[PDB]
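All heavy atoms count here, side chains included; hydrogens, waters and symmetry mates do not. Below, chain A is the first sequence line, B the second, and so on; all start at residue 1.
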Amino acid sequence: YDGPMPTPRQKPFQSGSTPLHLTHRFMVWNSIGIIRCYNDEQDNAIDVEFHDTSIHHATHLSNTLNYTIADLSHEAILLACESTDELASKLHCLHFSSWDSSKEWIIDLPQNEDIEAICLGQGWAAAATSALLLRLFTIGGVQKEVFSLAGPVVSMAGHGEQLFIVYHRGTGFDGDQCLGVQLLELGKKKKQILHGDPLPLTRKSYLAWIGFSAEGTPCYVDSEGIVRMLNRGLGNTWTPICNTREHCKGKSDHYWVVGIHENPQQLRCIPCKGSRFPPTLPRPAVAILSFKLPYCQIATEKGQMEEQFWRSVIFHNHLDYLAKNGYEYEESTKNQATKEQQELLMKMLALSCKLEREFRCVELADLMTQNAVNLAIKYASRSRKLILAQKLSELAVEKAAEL
Amino acid sequence: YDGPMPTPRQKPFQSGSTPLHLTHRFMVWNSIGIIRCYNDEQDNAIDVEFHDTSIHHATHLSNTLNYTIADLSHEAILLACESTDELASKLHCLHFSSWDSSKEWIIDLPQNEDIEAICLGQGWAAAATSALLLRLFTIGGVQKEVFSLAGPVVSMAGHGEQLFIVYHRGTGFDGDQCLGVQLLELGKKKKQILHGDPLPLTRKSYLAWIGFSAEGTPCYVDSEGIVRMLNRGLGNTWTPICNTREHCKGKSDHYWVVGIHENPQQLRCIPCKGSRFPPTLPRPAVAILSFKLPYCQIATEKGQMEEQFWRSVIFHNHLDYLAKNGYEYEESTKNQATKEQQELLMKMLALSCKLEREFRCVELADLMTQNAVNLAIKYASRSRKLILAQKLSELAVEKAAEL
Amino acid sequence: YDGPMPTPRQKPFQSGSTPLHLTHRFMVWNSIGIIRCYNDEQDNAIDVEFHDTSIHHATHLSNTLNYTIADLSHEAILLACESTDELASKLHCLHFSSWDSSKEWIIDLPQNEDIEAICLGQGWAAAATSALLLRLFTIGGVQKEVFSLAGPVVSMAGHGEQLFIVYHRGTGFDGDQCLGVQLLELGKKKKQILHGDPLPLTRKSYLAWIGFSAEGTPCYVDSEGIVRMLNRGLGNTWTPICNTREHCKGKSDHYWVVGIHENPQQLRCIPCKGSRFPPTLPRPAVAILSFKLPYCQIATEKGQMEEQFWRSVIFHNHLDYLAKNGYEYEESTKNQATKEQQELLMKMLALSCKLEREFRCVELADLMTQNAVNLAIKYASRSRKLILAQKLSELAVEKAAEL
């Protein structure tokens with residue numbers, strides 16, 4: 001027939017890695033460091049580098065078992081290899097931060113089970129296998145819980161107690177993938193935050209990179225340069241926070257995401273000219289792109305301030321998440337966020353007042369604090385906006401009644 | 001091959017509209033009013049009518065931008081048009097209920113982004129775009145939050161703070177659609193009630209109409225005349241409440257749903273002979289169909305009363321929803337519902353008692369109030385049903401212990 | 001084309017039944033009893049047997065209506081038949097445990113609606129029909145709620161107030177099924193525990209058996225012998241608890257699951273040589289297989305004890321479920337479970353201490369009770385593990401601070 005064709009399911013990958021066929025490739029490049037693998041026919045070597053030299057010294061390994069998957073954190077180095085006709089699939093952990101004399105452990109998966117993806121969390125490690133199993137391990141080598149995956153894994157990321165799994169929930173058509181996300185919190189109270197929700201992607205695009213921001217919010221990038229971030233303040237939906245194609249000059253130009261930071265806001269990525277991944281040598285330079293939510297009429301003052309407001313809102317939801325889970329957060333960052341947002345609301349209200357859009361001013365005042373609304377009332381008494389001042393006063397009464 | 005064939009995904013639509021190819025078509029017909037579009041080669045006009053003349057005067061617009069999507073509420077008129085080679089896709093709002101002198105605003109979507117569906121809520125508006133984005137706007141023109149859709153939108157509806165999105169979650173086979181529902185509450189505490197649950201449809205049918213009842217419960221109709229309603233009292237499942245094919249006399253006869261009302265119960269729709277949608281002229285007459293849940297042996301007294309009981313139960317769940325969300329509800333309606341249900345239970349218990357089904361009587365008494373159970377005990381002492389009276393007494397003891 | 005092919009959706013089935021084409025087949029074989037159907041051209045008979053003769057006497061029925069689906073519980077016998085050109089699809093219940101003189105009821109489904117699956121709960125019965133409807137009935141014959149199914153049903157099971165539905169959520173490819181699970185609790189507070197989550201299956205396998213353990217935990221088996229159980233302590237994920245292929249000697253050997261028991265742990269199944277289901281005559285013998293979670297390096301002492309620990313953890317989650325839902329549970333079973341787990345942790349800590357893996361000892365002590373940690377501190381003071389004793393002491397301080 002001549003209709004829709006099933007899209008081939010994309011293969012699993014480690015975020016921040018370059019393809020396996022390269023002689024000198026990146027196994028992982030994140031906010032902790034870089035892991036490179038030089039593999040020809042004579043020898044196979046793995047080199048580990050840390051951005052902060054104080055964390056650990058540079059580590060060089062002789063890749064005898066031919067490790068093809070790697071992840072790096074401030075605690076350990078995680079390595080994995082598939083099975084051969086003689087050896088089993090192995091998970092290798094270099095626990096360099098351990099305070100004891102045993103800084104290494106390795107485990108063999110059962111017969112005919114191959115590791116397809118790994119990720120490192122805070123004090124734990126996870127491995128998705130060809131048996132549609134997810135195996136949890138402590139950073140010291142204890143086997144934790146095991147559960148089955150609803151489909152073949154695509155990529156896996158970890159941060160703190162959070163586990164971020166993207167897998168094939170179905171079969172897409174006409175170039176589209178059919179991906180689902182399983183988001184778990186592996187603390188003392190186990191929670192499945194997302195029960196295989198559909199992962200939004202740009203049409204005819206595939207998954208290019210997943211992970212967490214340094215502050216601990218799940219994020220991912222598709223092959224069309226669209227960067228999306230979990231919106232905890234919007235029912236755990238996914239909000240686009242950047243479009244790396246706006247910084248590209250041609251079709252063959254791409255950006256290779258390395259890390260995401262919310263405070264200060266910066267998207268650390270490698271500019272790539274001619275391909276989607278940078279060559280290992282010479283050392284590529286990390287670029288810093290700004291985040292921009294895809295808002296309408298962003299060239300106008302209204303659209304510009306509206307984008308700044310909602311970007312400030314979503315990039316400070318992590319403070320509430322750190323508070324709800326007992327983590328440590330700076331109360332000063334929370335206060336600066338509110339002041340930054342109340343200033344943008346006040347400037348947007350003054351703009352709507354100049355445009356004789358007084359109903360819009362009351363809508364903006366609904367997002368304001370009680371102090372900001374009281375200030376907007378006196379600004380409305382000024383400039384002879386008498387009815388607007390009355391509507392704002394009635395809004396201030398309603399806000400005080402909500403307490 | 002000769003097997004299952006992929007079903008073509010149905011295109012987005014506005015509920016209560018007639019096809020675009022008509023010279024004189026309905027853009028939207030709901031419980032607020034009617035919006036018609038007359039478009040030939042000479043001129044293009046849009047006419048707005050309100051069922052209640054006291055709400056607003058009849059509005060006539062010169063459709064210069066060729067708006068093809070429309071929605072209507074007691075607050076504003078929402079219009080949208082796709083992009084051309086010279087103009088961008090635009091969202092136009094006629095805020096006629098505004099108390100200020102600015103009763104109009106329009107916004108341009110970014111390049112190559114087209115509006116595919118719109119809907120109006122209480123004080124807000126939403127637009128699903130070709131970029132798989134959902135854009136939220138206040139009724140006054142402020143851009144609110146934005147998040148990505150898991151698939152191409154099919155239809156969109158709003159009521160109060162609720163957002164009702166139906167989209168393609170996959171690809172169906174053999175005439176079946178693969179639809180998912182995302183139900184959000186956009187109040188001060190954002191909630192995603194349904195994380196893309198599968199939307200039940202009749203086999204080989206497509207989505208024909210979605211929306212909310214006047215009381216605020218999500219409902220939808222498929223192409224086979226099956227009307228389904230969210231059952232908040234049954235874990236947010238979907239319960240069939242009507243079958244418009246029972247009122248049709250032939251295959252070519254159809255009913256075109258306009259609105260759904262829970263108190264009093266009535267399904268307002270347009271009878272259509274020969275097609276699925278009514279012609280614009282002459283003005284079609286609104287028919288009132290009754291709701292009937294698809295219960296077994298409904299011709300018998302037992303099945304008839306069982307259908308009346310569960311229809312009364314599901315059509316009063318909205319009272320609990322209005323109470324939990326601080327909305328205003330009549331306590332008298334809640335009391336009349338319970339009295340209506342306790343009377344049906346009492347008549348079903350008397351029927352089971354006549355049939356010497358005393359175990360069934362105790363099952364019916366489990367659904368009764370403590371006062372109704374006490375009354376059933378004295379009715380069981382009467383007519384010499386001594387063991388039944390003892391079982392009902394032990395049930396009354398258990399009910400008092402649950403407090 | 002030459003690519004992925006759509007997998008034909010498997011047909012609905014009753015768990016514990018043998019195919020319909022057999023002259024003498026099992027309609028259901030569970031922990032309550034056996035129901036056999038002998039059907040040739042001369043006569044059609046249904047025989048009911050109870051494992052405990054004290055429950056009820058053996059029942060013999062003349063299958064005049066040609067019932068093809070059956071389920072059995074300690075309360076009633078449930079039978080169902082499809083519709084013919086003269087008769088409707090019927091649901092027949094033999095309420096043998098009733099304390100009244102009416103121990104039978106039957107109901108007719110509407111025109112062109114056929115029963116596809118049934119299941120028995122505590123005091124209720126459910127039937128999934130060809131109209132994509134789920135109909136609830138009390139054990140005495142009262143019609144309860146009705147809601148629509150997101151797809152064609154595959155199998156259905158019930159236990160207490162829990163309803164376990166597996167259905168087709170999509171179309172799989174290359175031999176894979178696309179199954180979803182809807183898990184409901186039908187008590188006085190209706191809950192949808194699983195909103196159509198994807199059902200994990202072994203690749204290229206189909207669903208072979210579903211049901212609940214005697215303690216009330218959902219479980220299911222695929223065609224590759226993998227037995228999975230709901231992990232309530234792991235965010236309602238699914239954990240493999242057995243692999244019946246490890247007990248098979250050849251490809252043609254299979255195990256036919258009958259029941260699952262958590263305390264004592266035993267998987268009751270019928271060994272089958274040459275086919276997937278046992279012949280009705282002679283009476284097959286019920287085998288008892290042990291549960292084994294698929295852990296790595298299970299031949300070693302570490303892997304063996306780690307498997308025993310997590311098997312003990314998951315097979316005692318039902319005690320917490322019985323407690324949260326007011327059911328009756330033995331506090332002695334909960335105490336024996338903790339003692340069994342603290343002993344395994346203590347032996348694993350002593351093993352890690354012998355291997356000079358002191359960081360791993362602290363990880364194991366995190367899973368210990370406060371008394372077990374205090375004991376591990378004195379064991380660390382012994383054998384001159386001074387730093388380990390300090391780390392365990394700081395862990396004991398942190399545990400006391402969590403109260």
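The closest side-chain heavy-atom distance from C:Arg9 to C:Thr171 is below 4.5 Å. Looking only at side-chain heavy atoms (C-beta outward), A:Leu94 and A:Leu79 come within less than 4.5 Å of each other. Side-chain contact between A:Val166 and A:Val153 is absent, with no heavy atoms from C-beta onward closer than 4.5 Å.
The candidate from A:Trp105, A:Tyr1, A:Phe147 with the greatest count of non-hydrogen atom pairs under 4.5 Å with chain C is A:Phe147. The greatest number of non-hydrogen atom pairs below 4.5 Å with chain C, out of A:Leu133, A:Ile107, A:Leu132, is found for A:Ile107. The most heavy-atom pairs under 4.5 Å with chain C, out of A:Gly170, A:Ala150, A:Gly141, come from A:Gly141. With chain C as partner, the option from A:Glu113, A:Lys191, A:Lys188 having the largest number of non-hydrogen pairs under 4.5 angstrom is A:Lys188. In terms of non-hydrogen atom pairs under 4.5 Å with chain C, the most contact-rich of A:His195, A:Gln143, A:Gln192 is A:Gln143. The greatest number of non-hydrogen atom pairs below 4.5 Å with chain A, out of C:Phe309, C:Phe173, C:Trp238, C:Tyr295, is found for C:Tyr295.
Contacts between C:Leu355 and chain A at a heavy-atom distance below 4.5 Å are absent for every atom of the residue. Heavy atoms of C:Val313 lying under 4.5 Å from chain A are absent altogether. Interface residue A:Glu104: only backbone heavy atoms are found under 4.5 Å from chain C. With a threshold of 4.5 angstrom between heavy atoms, C:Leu293 does not approach chain A through any atom at all. With a 4.5 Å cut-off on non-hydrogen atoms, C:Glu224 does not touch chain A at all. For C:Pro6, no part lies under 4.5 angstrom from a heavy atom of chain A.
Between the side chains of C:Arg228 and C:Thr202, at least one donor N or O sits under 3.5 Å from an acceptor N or O. Between the side chains of C:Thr369 and C:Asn371, no donor N or O sits under 3.5 Å from an acceptor N or O.
For residues 351-364 of chain C, every residue pair satisfying the side chain to side chain donor-acceptor pair (under 3.5 Å) rule, not counting sequence neighbours, is listed here: A:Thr138-C:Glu363, C:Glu358-C:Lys385.
In this structure, C:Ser223 contributes its side chain and C:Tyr206 its backbone to a donor-acceptor pair below 3.5 Å. Judged by distance alone, with hydrogens and angles left aside, the side-chain atoms of A:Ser97 form a donor-acceptor pair with the main-chain N or O of A:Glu75 at under 3.5 Å. With hydrogens and angles disregarded, no donor-acceptor distance shorter than 3.5 Å links the side chain of C:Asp222 to the backbone of C:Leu201.
C:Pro200 and A:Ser148 get closest at one heavy-atom pair: CB-CB, 3.7 Å.
Applying a 4.5 Å heavy-atom cutoff, the residues of residues 115-129 of chain A that approach chain C are A:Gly123.
Using the six-membered ring where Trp is involved, C:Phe359 and A:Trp99 have ring planes that are tilted, between 30° and 60° apart.
A salt bridge between C:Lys292 and C:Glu246 is present, with a side-chain N of the basic residue lying under 4.0 Å from a carboxylate O of the acidic one.
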